[PDB]
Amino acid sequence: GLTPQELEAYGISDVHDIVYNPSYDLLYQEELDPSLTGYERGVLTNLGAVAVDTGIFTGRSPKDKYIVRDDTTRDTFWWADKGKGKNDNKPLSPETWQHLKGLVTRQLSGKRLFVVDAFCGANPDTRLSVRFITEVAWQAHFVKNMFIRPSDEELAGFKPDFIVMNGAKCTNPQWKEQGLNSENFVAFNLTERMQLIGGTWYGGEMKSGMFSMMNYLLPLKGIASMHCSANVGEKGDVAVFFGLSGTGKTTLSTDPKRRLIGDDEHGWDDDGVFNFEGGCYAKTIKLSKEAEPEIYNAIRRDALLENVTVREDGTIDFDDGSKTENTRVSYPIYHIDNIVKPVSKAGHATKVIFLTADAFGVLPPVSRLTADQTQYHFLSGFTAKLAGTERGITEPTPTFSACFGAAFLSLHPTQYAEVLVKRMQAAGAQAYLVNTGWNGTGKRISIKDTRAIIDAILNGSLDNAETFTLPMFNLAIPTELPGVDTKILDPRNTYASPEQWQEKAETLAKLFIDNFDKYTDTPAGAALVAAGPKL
């Protein structure tokens, strides 16, 4: 356990009630306490899982993310203001940090506090020992699910390496005078080894905050740090699935034929690929028990639903995105039946899958990448969406996010690329581009077809298939694949003619070219242009 004087050390005073390492049973009764008000309230669903609303913030707030610039961070961080590409790593002063710390520590003072000790990183040599402090039971539940739950033995010798103080209920009235974005804040200090959260209740800030910290510390020690899911076959063949939010990393890694290593966040060291987390954070929008039975089955007692609409009878409307499109459920990883255990890690990845949801309907469902294309597409980090749907228009809107996760990058995209390539080359890994998004049907490729594509990548079918070169993007695509619909494999087949596809392909290529130009300020970047799409 821990004493109230141990919290004083952090600046939190007069804490009468400390709930250290709350059990799942305790979190359940806390959440369902009928006297809770506002966003603290949990409701019990017919699936046995507790549902909560995360408040005004139903996703991350990258515009409120700040990192203290000091002698420890100055020369290594990928700062928002240093002319090295757009990012959310906005510099914060030590003085302004101290003000934010006072807000949170005063807010947590005199309150009933939940303290969750956990690990970020499956390996003792590189894991953070994180102490999370919160005044909201469901927030403690979120981190219990999403971080590695220490054994009783590990708890006895637990020494925090990082402190996360969640003061969601407090705001910053000085934000205007302090040059900040809003009264809310998601702040990091690498000198004091601390994250502070104010204003936003969204639990994801804690998950993505610690990921940002691993993304900083690990590649500085030669370890790749990756926004990917990962799984392993019976033979010990490991695959990682990169991709932006909504591209299928959680959906497609949850494959009953494969043992799940992890959902979202992985390191790659001398020994192999290892999960940072102790749980999975699935999307539930339009969730289908038939399409995703394993994810659906995971939704039960100890899972935590977010922003879903719950009917009066306790049933959930998974289709209802009224509160948000970003409806989620966290659950501890063992809610998945086939997982790597007791420790979430395996060997070196030999299959590297880049997932993308191409709203432009240009990209093939699968193509095997060249070495240079792998690098080009990794730095590009493309996905798109239909932004106009609620208005009855397409509005395909592109996102280029370096390393398929620029939002969590603490170092230059190039540093992530370099270490990924080093690990890939030593392992003889191969890379694949998968479009889990749209084609000329104006509809998304089915989950079934995509799963059958993944099967073909993993089992070697794709590697041994006859291929030809898709024009413009110069992508090796197969003529056919076992278990896959042949028509869809060539992105041109779902339009009236190849020329209608070409119109869209030219548009998309120009976006890639315009976007990549920022990487050409170096000889290696400039050399990668040849691997990109060509008009």
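From 1 onward, residues are counted along the sequence shown.
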Which is higher in the entry, the mean Cα B factor of 51 to 59 or that of 490 to 498? 490 to 498
Select between 274 to 282 and 146 to 154 the stretch whose C-alpha atoms have the higher average B-factor in the entry. 146 to 154
Among the candidates 368, 99, 249, 74, give the one with the maximum CA B-factor reported in the record. 368
From the list 335, 289, 351, 423, select the residue with the highest C-alpha B factor recorded in the entry. 289
Should residue 195 be placed in the lowest, middle or highest third of its chain by the C-alpha B factor in the entry? lowest
Using the B-factors in the PDB entry, rank residue 67's C-alpha atom against the chain and give the third, lowest, middle or highest. lowest
Splitting the chain's C-alpha B-factors into thirds, which one does residue 257 fall into? highest
Please rank the C-alpha B-factors of the chain's modelled residues and tell me whether residue 90 sits in the lowest, middle or highest third. lowest
Please rank the C-alpha B-factors of the chain's modelled residues and tell me whether residue 345 sits in the lowest, middle or highest third. middle
